[PDB]
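As you go down the protein sequences, you meet chains C, S, U, W, X, V, Z, H and M in turn.
Number 223 in the authors' numbering belongs to position 201 of the first sequence; there are no gaps in the numbering.
Number 61 in the authors' numbering belongs to position 61 of the second sequence; there are no gaps in the numbering.
Number 25 in the authors' numbering belongs to position 23 of the third sequence; there are no gaps in the numbering.
Number 31 in the authors' numbering belongs to position 29 of the fourth sequence; there are no gaps in the numbering.
Number 6 in the authors' numbering belongs to position 1 of the fifth sequence; there are no gaps in the numbering.
Number 42 in the authors' numbering belongs to position 39 of the sixth sequence; there are no gaps in the numbering.
Number 37 in the authors' numbering belongs to position 33 of the seventh sequence; there are no gaps in the numbering.
Number 23 in the authors' numbering belongs to position 22 of the eighth sequence; there are no gaps in the numbering.
Number 110 in the authors' numbering belongs to position 109 of the ninth sequence; there are no gaps in the numbering.
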Amino acid sequence: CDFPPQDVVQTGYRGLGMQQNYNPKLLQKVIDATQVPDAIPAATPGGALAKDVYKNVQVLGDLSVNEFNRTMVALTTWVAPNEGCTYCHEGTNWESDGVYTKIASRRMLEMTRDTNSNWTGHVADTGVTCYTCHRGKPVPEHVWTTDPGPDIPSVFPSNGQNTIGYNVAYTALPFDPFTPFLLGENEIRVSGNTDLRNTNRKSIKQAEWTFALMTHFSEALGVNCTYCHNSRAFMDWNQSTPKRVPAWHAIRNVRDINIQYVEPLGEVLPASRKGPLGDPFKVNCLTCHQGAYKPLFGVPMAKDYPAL
Amino acid sequence: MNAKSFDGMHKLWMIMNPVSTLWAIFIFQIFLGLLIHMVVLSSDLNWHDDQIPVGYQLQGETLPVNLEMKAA
Amino acid sequence: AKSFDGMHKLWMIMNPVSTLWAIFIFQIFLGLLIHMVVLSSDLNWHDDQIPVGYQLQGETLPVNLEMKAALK
Amino acid sequence: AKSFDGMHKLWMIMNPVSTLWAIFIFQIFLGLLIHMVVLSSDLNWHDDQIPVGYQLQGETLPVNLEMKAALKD
Amino acid sequence: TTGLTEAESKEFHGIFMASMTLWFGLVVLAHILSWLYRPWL
Amino acid sequence: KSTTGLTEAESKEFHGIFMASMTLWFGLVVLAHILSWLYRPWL
Amino acid sequence: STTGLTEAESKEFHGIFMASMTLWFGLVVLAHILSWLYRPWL
Amino acid sequence: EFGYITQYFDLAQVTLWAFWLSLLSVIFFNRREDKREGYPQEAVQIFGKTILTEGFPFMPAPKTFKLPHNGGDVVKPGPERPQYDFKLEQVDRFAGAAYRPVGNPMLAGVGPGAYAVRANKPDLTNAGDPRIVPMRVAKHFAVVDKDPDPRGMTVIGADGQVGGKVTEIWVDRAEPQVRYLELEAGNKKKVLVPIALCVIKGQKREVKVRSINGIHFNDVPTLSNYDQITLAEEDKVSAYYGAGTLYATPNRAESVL
Amino acid sequence: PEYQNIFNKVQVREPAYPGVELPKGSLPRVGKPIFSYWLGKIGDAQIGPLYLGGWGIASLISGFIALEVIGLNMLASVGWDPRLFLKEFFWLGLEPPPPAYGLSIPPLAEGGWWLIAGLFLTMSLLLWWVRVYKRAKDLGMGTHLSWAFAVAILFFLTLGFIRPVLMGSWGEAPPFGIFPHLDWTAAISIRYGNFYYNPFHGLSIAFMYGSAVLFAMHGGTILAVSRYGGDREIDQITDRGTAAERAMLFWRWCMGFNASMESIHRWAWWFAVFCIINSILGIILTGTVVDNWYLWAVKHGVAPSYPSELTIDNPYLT
Ligand code: BCL
Ligand code: BCL
Ligand code: BCL
Ligand code: BCL
Ligand SMILES: CC[C@H]1c2cc3[nH]c4c(c3C)C(=O)[C@H](C(=O)OC)c4c3nc(cc4[nH]c(cc(n2)[C@@H]1C)c(C(C)=O)c4C)[C@@H](C)[C@@H]3CCC(=O)OC/C=C(/C)CCC[C@H](C)CCC[C@H](C)CCCC(C)C
Ligand SMILES: CC(C)=CCC/C(C)=C\CC/C(C)=C/CC/C(C)=C\CC/C(C)=C/CC/C(C)=C/CC/C(C)=C/CC/C(C)=C/CC1=C(C)C(=O)c2ccccc2C1=O
Ligand SMILES: COC(C)(C)CCC/C(C)=C/C=C/C(C)=C/C=C/C(C)=C/C=C\C=C(C)\C=C\C=C(C)\C=C\C=C(/C)CCCC(C)(C)OC
Ligand code: HEM
Ligand code: HEM
Ligand SMILES: [Ca+2]
Ligand SMILES: [Ca+2]
Ligand SMILES: [Ca+2]
Ligand SMILES: [Ca+2]
Ligand SMILES: [Mg+2]
């Protein structure tokens, strides 16, 4: 039970539905978990470059040395604050690659720069840092792997549904829509462009897989269908909200993160960071929103750091 | 006793109806037969699809006539 | 020790036929239930591939292997 | 010490056969329920793989291993 | 009323109490064995 | 008063055979469990 | 009397009812003392 | 192109028209079956003349029910039996005005106390026996204990007074259930009351009949033979109890607020 | 207040009624009738006896084979555990074949069991149809209950056999679950553009609302004149009494027209059958003739048009 009163935000014409509903007691749990990190004082300008002073820099070579050290202080406070600087080095041999965390970290720096520069159709001028997903822990909280399903007899193949389904909002819908959509690249659209029978050959099962993915979009942001659609025509772009256009880019963005960066790391990481089928943990909508309409309610952290 | 303990057993059918019992036994046995066959067919002991003594779909796919037709 | 002397009088207040039918039906239901509960655990004996896996045995018969080679 | 003397008169107002049937049925239902409640906890004794795991024992028999090897080719 | 006299009630009560005591004895024994095998508190 | 029509002699007879049958059934159950313990011990 | 019990029968029933209820509440108190010793909740 | 159109006429459209025409046509047939009772209706004209009109659509052609056990044929729409002799005075001089009873309202047969003129034969079972009978003629019935046996109770009558005492129960053999209670009244006549107008209190051992008053139980219509009841008599009895819902107290027909 | 006639205050028993005599050559009725006090508080107390002949045994063999199949597959989907079966019961189901198999017969654990259960359930319902027809006709009554049953069977076969065949896939049919079949309902509305703009769907909703209205009205009216013997409808039909007269005056005065004691039952019949006729017509055209019900409604001048104020850019056009 969620006892009244509630908070309602209108987001459309009057008498059409189209509004978002909040319970003040549940929203307090999301407010009580954000915790924007504290600023790091800007670095003294000018000096020698990192490429001319350090021995093994392959990404951040065009920062001054002050900017470099500042970036490293930030990487410690964002990812691994408990274990300290030796989480990704040996003792004080900074230039060694003897740990896998340094390879992982280098690849992650590249991925964050790519998202911050090339995907502004989705993260527009707020960008991301490490803290957007690690939130001060080495392993992020909300990730996914390819779901094998419940245990069934050995001669029975999986259909991929009719269970509880914890990632698709507790429905009996297909329980793993991320493999075909957020790592593979399948068509999400199912409806026709004319009113009578034409060349469209999609089925009700494909419609169910789409419905599953949309359920996850709703849960990961704290909203309903009507945050981006008018239900009377889920396929018309002239009857959608403006928020449908960033989500369209978000999809593509997530595929990039998983195809170019995170899945190829399956060689470097240990067996601890993999699932039943032997693939690493991957990124969702929930990996950075974590139940809010913008990660951390949209505080712009990434502008203060020229390394990202 | 231990030997005369089951003497009056034949009197059972003076309190249990023979017709109801017969029908119940027959129906229960048929239901149980279907159930056990279905449970064993859904395991590793399955005997229709195990491809022993030979696989027949595979045998049909590799007949020379079918191979020559697929080659074009 | 003589506390259970009049126990045989139980059948002067409880119907023997009803009791018999209830016992039989309950025993059959419990038999089915316990077999299903133990088969769905680590003690499962139909699918455990002991003493051998039969589907795997059928996939590696020389005839089936030679047919799968000529297809591929 | 003398408070519970007339207790045997209980069966002059409560029917003995109805009470017996109620008790028996309730006891069977409770037996099933407690067994199911304990099986769904950390105390479960069918799936705990003690004293040994039998599915794991079947997956690593030499015959099954040798058959799974000759399929990777 | 149940139609039982007071003698019949006394008889029933005797056997009922004996049976209940025996049942509870068996329950206690089962729990002692379970505690020896898998202690839960 | 609730009654089944059985006299005391009929009740004695029924009780004799009922107890014999129940004892035999429990004997068979014990035998099944000894075999199962020998094959696949569960505790 | 709307239940058919006389006043003597009511007195008898009341005696045994009160004794039984007292014994039941005693057992409840004992269970709670044991639980407090094992796992205090306040 | 999202909303391109190829052709305006399709099958869904035609099928919808066909449905509009298939409805619109069962309405016609049902409305015609509705007029096998009570028609032709009586239209009052400009200065009082009455004519028979028939409505839209017109009345159907007569059909016949063949009743069992040589119970005759019933043609519908067919003739009617003649009304009895109700007296009424109109209140306002126009065709749509209401009427007032002329004499004693309880004994007038107008308003909620009107009844129909049915056959003077009892309703029958599938074997040919009378259907509603007292429990001494039907010797196989018994009241289930767990239920208050009304035989013996009194019949308080809506103003607190006593009407009489219950002496018999009248049952229905085709569907086993209670239909009437028979009671002896204040002047020692035997009268019936329908079971659907009685509130039975087992502990008070009373039957409350909210419809009529206590003294009104002396004038309930009586039966010819007390081993059966006919359709006409059922109507008379029930209608007398229904007249009291508006005529028992002079304040009952008088605008709550 | 006054007695409302909702519960039976006094009950009476006579020996059980075996039933109207059947034509010579019939089988006896099976069972000894028992009485229920709680069922007698609201209705008739007798349970049984029952008539089992040729068609009602073939039915009941088919139906139970189907039920065994459905139950066992739901149970195999949790690994045979009955505890998990009870725990997750509303989420389990037997699923149709993958749509790529078309109309062929697929292997048993990838849709063949669904096909078996569907076939056996079909045969069960057709044998039951024949039973219902013959039972009413052997007692000499009109066969009106068989016509309505035929309509219902036709709707079951339309969604399930006829539409999947006309589409070319068994994977277009519902599964056997509770939450699974609700998911099917929502998905087929989402795929074919909003069932609210299907006109046969609107008409069947009209007739389902109307069924509830009409049966509240009729149940009320007959309980309100049961003090004048109105619950005995056969006699009020073949010899109109005061109960029928009051019942028809009430509606005439209230809304201007009325039915008779026999005609209201024809209104009931039709209101229950048009609901399902429109159900069949609406499902049979979806997918096979119309691909988007909202675009159809726009082409035929039916859908409203909310004001816009903005412009959203379709990113597939950019
Ligand atoms: C870790 C948990 C332990 C365990 C801990 C316990 C505990 C603790 C108890 C049981 C009890 C029982 N356990 Mg155990 N039990 C375990 C695993 C099992 C398994 C299994 C498949 O693994 C089974 C089938 C059982 C079955 C049983 C029943 C024999 C008994 C419950 C009977 C009942 O419900 O009567 C209810 C029905 C009635 C009273 C109706 C009337 C029946 C009349 C009076 C006669 C019935 C005969 C009776 C069932 C058998 C007695 C025969 C011998 C004389 C002993 N347990 C595991 C190993 N089990 C209970 C018990 O032993 O009670 C004495 C009990 O207290
Ligand atoms: C790992 C688990 C073991 C296993 C461990 C056990 C244990 C432990 C027990 C059984 C028992 C049974 N097992 Mg086993 N069992 C296994 C696998 C199977 C398989 C299979 C398809 O794999 C089947 C079909 C069975 C079937 C059976 C039944 C014979 C028996 C259940 C009887 C019953 O419910 O009566 C209840 C119904 C009634 C009492 C109604 C009364 C009808 C009258 C009395 C006649 C009935 C005949 C009766 C079924 C059998 C008597 C046999 C004769 C002497 C030949 N088991 C596996 C290998 N099985 C039980 C048993 O042996 O009982 C002694 C038992 O205790
Ligand atoms: C941390 C919490 C504790 C716990 C804290 C408590 C507390 C506190 C209480 C109980 C009580 C009970 N607990 Mg505990 N209990 C725990 C775990 C368990 C477990 C288990 C599977 O883990 C079980 C099966 C039980 C079961 C029980 C029942 C014995 C008892 C409630 C009986 C009842 O409601 O009768 C209601 C039914 C009636 C009143 C009907 C009439 C009853 C007649 C007269 C006969 C019933 C006999 C009686 C129940 C048994 C006692 C008889 C004596 C042996 C002489 N508890 C855990 C360890 N439990 C209650 C209790 O002890 O009552 C005295 C109680 O107050
Ligand atoms: C998001 C979902 C969509 C929606 C999607 C659908 C779909 C899809 C359909 C409907 C259909 C209907 N919808 Mg809709 N519907 C929506 C919103 C609504 C709303 C509303 C208030 O919003 C209402 C009031 C309705 C109302 C209705 C009914 C008028 C109609 C169902 C007829 C019926 O009674 O079937 C119930 C009757 C049967 C199924 C007959 C079964 C008969 C046989 C004989 C059964 C015997 C079984 C046997 C004995 C037991 C078997 C054993 C077990 C299987 C194991 N819908 C929204 C827009 N709706 C149906 C329709 O008519 O389409 C035009 C339909 O197909
Ligand atoms: C005109 C349309 C409406 C309608 C009409 C209708 N249905 C009918 C009839 C008629 C006129 C019958 O004469 C026929 C009948 O005999 O009922 C008494 C029937 C019937 N409609 C039934 C159910 C039914 N009708 C439904 C719908 C409708 N029926 C429409 C709304 C629904 C819905 C809306 O979902 C259901 C579930 C059955 C009670 C009965 C047909 C019985 C039958 O075919 O049984 C034989 C086959 C078997 C499967 C035997 C095996 C055991 C069964 C499982 C027992 C049945 C129990 C019951 C179905 C429980 C409900 C289960 C569900 C929760 C899954
Ligand atoms: C509006 C206007 C311009 C007014 C000017 C006119 C003036 C000046 C005044 C007129 C006076 C007054 C007060 C008029 C009010 C009436 C008006 C204007 C409108 C109301 C009309 C109205 C609400 C009708 C709706 C009718 C509909 C759609 C009904 C739905 C249900 C339906 C289809 C029922 C058909 C089946 C029927 C007839 C059921 C009734 C019925 C039932 C239910 C039985 O059980 C029963 C049992 C035994 C015998 C008979 C019956 C029986 O007839
Ligand atoms: C554990 O349980 C046991 C085994 C002990 C038994 C217990 C049974 C239980 C608990 C069962 C539970 C059942 C439930 C919840 C069922 C839910 C059912 C629902 C809600 C179903 C809803 C819809 C399904 C529909 C409409 C299916 C329609 C299918 C059709 C019409 C099939 C047509 C197929 C045909 C005619 C066959 C053609 C095949 C062929 C051979 C011609 O193809 C070429
Ligand atoms: C404040 C403590 C830290 C210090 C003092 C520090 C110091 C340094 C130095 C001096 C270098 C350049 C050395 C060289 O390669 O020649 C370097 C590189 C690097 N450090 Fe750290 N570091 C710290 C914390 C971290 C942490 C927490 C991480 C892991 C999150 C990390 C990951 C890296 C990576 C990936 C590089 C390589 C950068 C590149 O390739 O361009 N460091 N560090
Ligand atoms: C597929 C899952 C995703 C969906 C559907 C999605 C959707 C959206 C939407 C709709 C917005 C605009 C919010 C608004 O204006 O109300 C948004 C903003 C944002 N998202 Fe995502 N997102 C997803 C994944 C991610 C991921 C993985 C990250 C982190 C890498 C991320 C970071 C951001 C940021 C930073 C913003 C705010 C940008 C701004 O201020 O305009 N999103 N997202
Ligand atoms: Ca890229
Ligand atoms: Ca084989
Ligand atoms: Ca084995
Ligand atoms: Ca174990
Ligand atoms: Mg599904």
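In this text, a Cβ means the ideal position worked out from N, Cα and C, and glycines have one as well.
S:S42 versus chain M: which residues are under 7 Å apart at the beta carbon?
-> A77, listed in chain order.
Ignoring anything shorter than 3 residues or poking outside the stretch 83-146 of chain H, list the beta strand (DSSP E) runs there in chain order.
-> Contiguous beta strand (DSSP E) elements confined to the stretch 83-146 of chain H occur at 89-91, 100-102, 133-135, taking only those with 3 or more residues.
Give the straight-line distance between the Cα atoms of C:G300 and C:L291, rounded to the nearest whole angstrom.
-> 11 Å
How long is the line joining the alpha carbons of S:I25 and V:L31, rounded to whole angstroms?
-> 21 Å
Have a look at the DSSP bridge pairing and note the partners of H:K77.
-> For H:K77, the pairing in a beta bridge is given by DSSP as H:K64.
With C-beta atoms as the reference, is residue 133 of chain X less than 8 Å away from W:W13?
-> No statement about residue 133 of chain X is possible, as the shown extent of chain X runs from 6 to 46 and does not include it.
N-terminal and C-terminal residue of the beta strand (DSSP E) that C:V31 is part of | 29-32
With 16 other Cβ atoms within 10 Å as the buried cut-off, status of C:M236 = buried
Output the boundary residues of the alpha helix (DSSP H) element that contains C:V267.
-> 266-278
Name the two residues that bound the continuous alpha helix (DSSP H) containing residue 288 of chain H.
-> Given a span of 2 to 258 for chain H in the structure shown, any question on residue 288 of chain H remains unanswerable.
Got a sec: is the Cβ-Cβ distance from U:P53 to anything in chain S below 8 Å?
-> no
At a Cβ threshold of 8 Å, is residue 53 of chain X touching chain V?
-> Residue 53 of chain X is absent from the model: chain X starts at 6 and stops at 46.
Are H:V167 and H:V208 close, meaning C-beta to C-beta below 8 Å?
-> Yes; because the gap between Cβ atoms is below 8 Å, this pair is in contact.
Identify the contact partners of residue 80 of chain S in chain M, using a Cβ-Cβ distance below 8 Å as the criterion.
-> Outside the shown range of chain S, which is 1 to 72, sits residue 80 of chain S, and nothing can be said about it.
Between the Cα of H:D124 and those of H:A143, H:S23, H:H70, spot the shortest distance and give me the residue it belongs to.
-> H:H70
State the beta-bridge partners of C:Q42 as determined by DSSP.
-> Beta-bridge pairing links C:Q42 to C:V31.
Minimum Cβ-Cβ distance from U:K11 to chain S less than 8 Å | no
Residues of chain X with a CB under 9 Å from the CB of U:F6: which are they?
-> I20, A23, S24, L27
Output the residue ranges of the alpha helix (DSSP H) runs that lie fully inside the stretch 53-95 of chain C and measure 4 residues or longer, sorted by chain position.
-> Listed in chain order, nothing qualifies, since the stretch 53-95 of chain C has no complete alpha helix (DSSP H) run of 4 or more residues.
Kindly say whether V:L9, judged by its beta-carbon, lies nearer than 8 Å to any beta-carbon of chain U.
-> yes
Kindly say whether U:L63, judged by its beta-carbon, lies nearer than 8 Å to any beta-carbon of chain M.
-> With 8 Å as the cut-off, U:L63 does not count as an interface residue toward chain M.
Assuming M:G94 and M:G178 make a contact with CB atoms under 8 Å, what is their CB distance in whole Å?
-> About 3 Å; that satisfies the 8 Å criterion.
Do U:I52 and ligand 12 come close, with the Cβ less than 7 Å from some heavy atom?
-> yes
Whole alpha helix (DSSP H) runs in the stretch 94-180 of chain C with 4 or more residues, listed along the chain?
-> Taken in chain order, the whole alpha helix (DSSP H) runs of length 4 or more contained in the stretch 94-180 of chain C are 122-140.
In three-state DSSP terms, what is H:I201?
-> strand
Could you tell me whether any Cβ in chain U is nearer than 8 Å to the Cβ of W:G33?
-> no
Per DSSP, which residues does M:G94 bridge with? Please list them.
-> M:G178
Quickly, what does DSSP pair H:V172 with across the bridge? List them, please.
-> Partner residues in the beta bridge of H:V172, as assigned by DSSP, are H:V134, H:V179.
C:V284 by DSSP, collapsed to three states: which one?
-> helix
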